[PDB]
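Colleague: Here's a structure for you.
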Amino acid sequence: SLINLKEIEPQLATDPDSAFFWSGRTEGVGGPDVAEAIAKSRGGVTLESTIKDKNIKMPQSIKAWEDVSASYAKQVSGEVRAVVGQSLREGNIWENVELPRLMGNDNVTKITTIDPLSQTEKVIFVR
């Protein structure tokens with residue numbers, strides 16, 4: 001592996017009701033920077049903003065991101081928000097790594113999606 005997962009994991013923990021996820025684009029609008037803007041404008045964080053703001057060094061590159069994404073998902077609690085576009089990439093981390101671990105996270109109480117362009121919301125899970 002390209003990273004030292006065991007020492008990074010504690011830094012991926014998030015405050016309750018603060019974690020955001022994201023995937024895809026709608027009419028070409030989306031991606032990690034748009035998700036971070038939506039998240040921070042609403043008082044929350046993303047995986048990328050956590051990595052940047054907690055100064056975690058990230059690049060085998062795909063495996064590193066999968067491991068950190070899974071750890072981030074495992075450590076959230078409360079209400080979760082996800083900026084999910086209409087156009088998703090086959091194999092994306094949100095559907096293949098993160099959302100299954102959110103479903104397996106007994107502390108997740110709600111998942112709400114937000115479109116990256118319109119910001120229309122949909123509740124997709126209530127536990």
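Naming scheme: A, B, ... for chains in displayed order of the structure tokens; residues 1 onward per chain; ligands 1 onward as shown.
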From a backbone DSSP assignment, name each residue in range 16-100 of chain A labelled strand (DSSP E or B), as a list in words.

Modeller: residues 19, 20, 21, 22, 23, 25, 26, 29, 30, 45, 78, 79, 80, 81, 82, 83, 84 and 87 of chain A

Colleague: Take the residues from that selection and write them out as a PDB file, in the first residue's frame, keeping N, CA, C and O atoms.

Modeller:
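What follows is the written file result_20.pdb:
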```
ATOM      1  N   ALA A  19     -21.109  14.563   8.143  1.00  0.00           N
ATOM      2  CA  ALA A  19     -20.372  13.954   7.047  1.00  0.00           C
ATOM      3  C   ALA A  19     -21.126  14.036   5.722  1.00  0.00           C
ATOM      4  O   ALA A  19     -22.332  13.773   5.645  1.00  0.00           O
ATOM      5  N   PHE A  20     -20.404  14.418   4.682  1.00  0.00           N
ATOM      6  CA  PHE A  20     -20.920  14.418   3.332  1.00  0.00           C
ATOM      7  C   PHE A  20     -20.112  13.452   2.479  1.00  0.00           C
ATOM      8  O   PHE A  20     -18.900  13.266   2.675  1.00  0.00           O
ATOM      9  N   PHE A  21     -20.786  12.912   1.490  1.00  0.00           N
ATOM     10  CA  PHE A  21     -20.259  12.035   0.455  1.00  0.00           C
ATOM     11  C   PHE A  21     -20.584  12.664  -0.899  1.00  0.00           C
ATOM     12  O   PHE A  21     -21.285  13.666  -0.976  1.00  0.00           O
ATOM     13  N   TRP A  22     -20.043  12.090  -1.971  1.00  0.00           N
ATOM     14  CA  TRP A  22     -20.421  12.625  -3.285  1.00  0.00           C
ATOM     15  C   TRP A  22     -20.095  11.617  -4.371  1.00  0.00           C
ATOM     16  O   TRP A  22     -19.247  10.742  -4.201  1.00  0.00           O
ATOM     17  N   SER A  23     -20.765  11.754  -5.513  1.00  0.00           N
ATOM     18  CA  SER A  23     -20.427  10.927  -6.660  1.00  0.00           C
ATOM     19  C   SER A  23     -20.993  11.588  -7.909  1.00  0.00           C
ATOM     20  O   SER A  23     -22.126  12.075  -7.897  1.00  0.00           O
ATOM     21  N   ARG A  25     -21.779  13.673 -11.536  1.00  0.00           N
ATOM     22  CA  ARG A  25     -22.081  15.020 -12.003  1.00  0.00           C
ATOM     23  C   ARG A  25     -23.493  15.033 -12.576  1.00  0.00           C
ATOM     24  O   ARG A  25     -24.062  13.990 -12.904  1.00  0.00           O
ATOM     25  N   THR A  26     -24.062  16.235 -12.676  1.00  0.00           N
ATOM     26  CA  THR A  26     -25.331  16.469 -13.355  1.00  0.00           C
ATOM     27  C   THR A  26     -25.062  17.545 -14.388  1.00  0.00           C
ATOM     28  O   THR A  26     -24.629  18.642 -14.028  1.00  0.00           O
ATOM     29  N   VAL A  29     -21.711  19.162 -13.985  1.00  0.00           N
ATOM     30  CA  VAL A  29     -21.454  19.908 -12.754  1.00  0.00           C
ATOM     31  C   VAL A  29     -21.415  18.936 -11.586  1.00  0.00           C
ATOM     32  O   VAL A  29     -22.341  18.129 -11.404  1.00  0.00           O
ATOM     33  N   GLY A  30     -20.360  19.022 -10.786  1.00  0.00           N
ATOM     34  CA  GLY A  30     -20.186  18.110  -9.652  1.00  0.00           C
ATOM     35  C   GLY A  30     -18.707  17.935  -9.350  1.00  0.00           C
ATOM     36  O   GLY A  30     -17.920  18.847  -9.552  1.00  0.00           O
ATOM     37  N   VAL A  45     -18.482  18.391   6.274  1.00  0.00           N
ATOM     38  CA  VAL A  45     -17.164  18.117   5.718  1.00  0.00           C
ATOM     39  C   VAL A  45     -17.308  17.037   4.657  1.00  0.00           C
ATOM     40  O   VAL A  45     -18.294  16.300   4.631  1.00  0.00           O
ATOM     41  N   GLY A  78     -24.952   9.512  12.831  1.00  0.00           N
ATOM     42  CA  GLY A  78     -26.068  10.422  12.670  1.00  0.00           C
ATOM     43  C   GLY A  78     -26.554  10.570  11.243  1.00  0.00           C
ATOM     44  O   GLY A  78     -26.512   9.598  10.477  1.00  0.00           O
ATOM     45  N   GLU A  79     -26.998  11.780  10.873  1.00  0.00           N
ATOM     46  CA  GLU A  79     -27.533  12.024   9.531  1.00  0.00           C
ATOM     47  C   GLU A  79     -26.397  12.253   8.561  1.00  0.00           C
ATOM     48  O   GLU A  79     -25.453  12.997   8.861  1.00  0.00           O
ATOM     49  N   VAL A  80     -26.479  11.609   7.405  1.00  0.00           N
ATOM     50  CA  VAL A  80     -25.441  11.649   6.378  1.00  0.00           C
ATOM     51  C   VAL A  80     -26.021  12.301   5.128  1.00  0.00           C
ATOM     52  O   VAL A  80     -27.194  12.085   4.792  1.00  0.00           O
ATOM     53  N   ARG A  81     -25.201  13.096   4.442  1.00  0.00           N
ATOM     54  CA  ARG A  81     -25.639  13.755   3.217  1.00  0.00           C
ATOM     55  C   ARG A  81     -24.697  13.373   2.070  1.00  0.00           C
ATOM     56  O   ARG A  81     -23.506  13.140   2.282  1.00  0.00           O
ATOM     57  N   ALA A  82     -25.248  13.271   0.858  1.00  0.00           N
ATOM     58  CA  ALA A  82     -24.429  12.842  -0.285  1.00  0.00           C
ATOM     59  C   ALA A  82     -24.801  13.661  -1.517  1.00  0.00           C
ATOM     60  O   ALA A  82     -25.978  13.754  -1.882  1.00  0.00           O
ATOM     61  N   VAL A  83     -23.794  14.250  -2.153  1.00  0.00           N
ATOM     62  CA  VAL A  83     -24.015  15.056  -3.358  1.00  0.00           C
ATOM     63  C   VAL A  83     -23.879  14.096  -4.532  1.00  0.00           C
ATOM     64  O   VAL A  83     -22.768  13.788  -4.957  1.00  0.00           O
ATOM     65  N   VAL A  84     -25.019  13.654  -5.073  1.00  0.00           N
ATOM     66  CA  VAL A  84     -25.061  12.559  -6.030  1.00  0.00           C
ATOM     67  C   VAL A  84     -25.629  13.094  -7.335  1.00  0.00           C
ATOM     68  O   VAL A  84     -26.762  13.600  -7.377  1.00  0.00           O
ATOM     69  N   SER A  87     -25.364  11.469 -13.454  1.00  0.00           N
ATOM     70  CA  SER A  87     -24.440  10.688 -14.275  1.00  0.00           C
ATOM     71  C   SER A  87     -23.386  10.119 -13.346  1.00  0.00           C
ATOM     72  O   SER A  87     -22.555  10.866 -12.823  1.00  0.00           O
TER      73      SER A  87
END
```

Colleague: Counting only C-alpha atoms, what is within 12 Å of residue 18 in chain A, bar same-chain residues fewer than 3 positions away, as a VMD selection string?

Modeller: chain A and resid 13 to 15 21 38 to 47 50 72 to 73 75 to 82 108 110 to 111

Colleague: Where does DSSP see alpha helix (DSSP H) in range 2-127 of chain A, if you list the residues as a PDB file with C-alpha atoms, in the first residue's frame?

Modeller:
```
ATOM      1  CA  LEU A   5      -3.695   3.372   7.019  1.00  0.00           C
ATOM      2  CA  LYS A   6      -3.566   2.546  10.724  1.00  0.00           C
ATOM      3  CA  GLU A   7      -2.254   5.975  11.730  1.00  0.00           C
ATOM      4  CA  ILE A   8      -4.559   7.877   9.325  1.00  0.00           C
ATOM      5  CA  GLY A  31     -16.965  16.495  -8.491  1.00  0.00           C
ATOM      6  CA  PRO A  32     -15.031  16.904  -5.249  1.00  0.00           C
ATOM      7  CA  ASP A  33     -14.755  20.735  -5.183  1.00  0.00           C
ATOM      8  CA  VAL A  34     -18.472  21.268  -5.723  1.00  0.00           C
ATOM      9  CA  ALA A  35     -19.198  18.676  -3.001  1.00  0.00           C
ATOM     10  CA  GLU A  36     -16.850  20.432  -0.578  1.00  0.00           C
ATOM     11  CA  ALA A  37     -18.553  23.783  -1.226  1.00  0.00           C
ATOM     12  CA  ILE A  38     -22.011  22.274  -0.612  1.00  0.00           C
ATOM     13  CA  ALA A  39     -20.784  20.470   2.499  1.00  0.00           C
ATOM     14  CA  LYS A  40     -19.026  23.419   4.094  1.00  0.00           C
ATOM     15  CA  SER A  41     -21.839  25.821   3.181  1.00  0.00           C
ATOM     16  CA  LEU A  47     -13.553  13.099   2.589  1.00  0.00           C
ATOM     17  CA  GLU A  48     -11.358  15.426   0.560  1.00  0.00           C
ATOM     18  CA  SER A  49     -11.815  18.386   2.895  1.00  0.00           C
ATOM     19  CA  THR A  50     -11.003  16.160   5.886  1.00  0.00           C
ATOM     20  CA  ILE A  51      -7.843  14.961   4.170  1.00  0.00           C
ATOM     21  CA  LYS A  52      -6.835  18.523   3.283  1.00  0.00           C
ATOM     22  CA  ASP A  53      -7.839  20.219   6.510  1.00  0.00           C
ATOM     23  CA  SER A  61      -3.671   5.053  -5.971  1.00  0.00           C
ATOM     24  CA  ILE A  62      -7.195   3.624  -6.348  1.00  0.00           C
ATOM     25  CA  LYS A  63      -6.624   1.166  -3.501  1.00  0.00           C
ATOM     26  CA  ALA A  64      -5.457   3.929  -1.148  1.00  0.00           C
ATOM     27  CA  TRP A  65      -8.564   5.973  -1.853  1.00  0.00           C
ATOM     28  CA  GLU A  66     -10.825   2.929  -1.437  1.00  0.00           C
ATOM     29  CA  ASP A  67      -9.327   2.116   1.970  1.00  0.00           C
ATOM     30  CA  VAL A  68      -9.621   5.672   3.275  1.00  0.00           C
ATOM     31  CA  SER A  69     -13.152   6.021   1.848  1.00  0.00           C
ATOM     32  CA  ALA A  70     -14.211   2.811   3.609  1.00  0.00           C
ATOM     33  CA  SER A  71     -12.729   4.015   6.900  1.00  0.00           C
ATOM     34  CA  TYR A  72     -14.427   7.403   6.579  1.00  0.00           C
ATOM     35  CA  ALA A  73     -17.799   5.717   5.966  1.00  0.00           C
ATOM     36  CA  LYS A  74     -17.313   3.347   8.891  1.00  0.00           C
ATOM     37  CA  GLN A  75     -16.724   6.215  11.329  1.00  0.00           C
ATOM     38  CA  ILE A  93     -16.549   4.494  -4.772  1.00  0.00           C
ATOM     39  CA  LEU A  99     -22.857   3.287   0.706  1.00  0.00           C
ATOM     40  CA  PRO A 100     -22.620  -0.442   1.712  1.00  0.00           C
ATOM     41  CA  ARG A 101     -20.569   0.529   4.734  1.00  0.00           C
ATOM     42  CA  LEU A 102     -23.032   3.293   5.619  1.00  0.00           C
ATOM     43  CA  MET A 103     -25.819   0.695   5.544  1.00  0.00           C
TER      44      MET A 103
END
```
